[PDB]
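Given as structure tokens, the chain that follows is alone and in the form deposited without the DNA.
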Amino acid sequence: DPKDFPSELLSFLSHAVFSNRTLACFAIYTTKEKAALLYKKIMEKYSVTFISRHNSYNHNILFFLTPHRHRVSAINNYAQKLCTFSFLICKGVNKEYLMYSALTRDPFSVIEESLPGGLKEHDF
């Protein structure tokens, strides 16, 4: 199992998962089956402004923007505990538009998302 996000995405993320800094943009790296489940569950739980699910290195990345702010560890506590089997990396996204954009391009691709083409820069 991966221990972190793919290397080409790291610079877009916050790496202190127990930070007290609240954010609205998060990513989750997990298996494709866990991601497919969580796509729906996270969308409902947090009434997300946007969520997308992507292919990444034989697994999946979820990218989402919530309307209200949360700590990374609160999002993780919800997501990680739904299904604890296998891996799940949950980090805040600092560079929101660049992260999503990279996730739509080789070596990544969009599987499904809640708004075709994603959000614009000013939405973040």
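Rigid core (definition): largest C-alpha set, two forms, superposition within 1.5 Å. Numbers follow the displayed sequence, beginning with 1.
If you look for the form deposited with the DNA bound, you will not find it shown, but the lines that follow are about it.
In the entry with it bound, the DNA lies farther than 4.5 Å from every heavy atom of residue 40. Contact annotation for residue 22: at least one heavy atom lies within 4.5 Å of the DNA in the entry with it bound. When contacts are judged by a 4.5 Å heavy atom cut-off, residue 55 does not count as touching the DNA in the entry with it bound. At the 4.5 Å threshold, heavy atoms of residue 17 reach the DNA in the entry with it bound.
Contact with the DNA in the entry with it bound, judged by any heavy atom within 4.5 Å, is made by just one of 80, 73, 31, 49: 73. Residues in 31-48 all lack a heavy atom within 4.5 Å of the DNA in the entry with it bound. For the set 101, 19, 14, 114, a Cα shift of at least 2 angstroms between this form and the one not shown, after rigid core superposition, holds for 19 and for no other residue.
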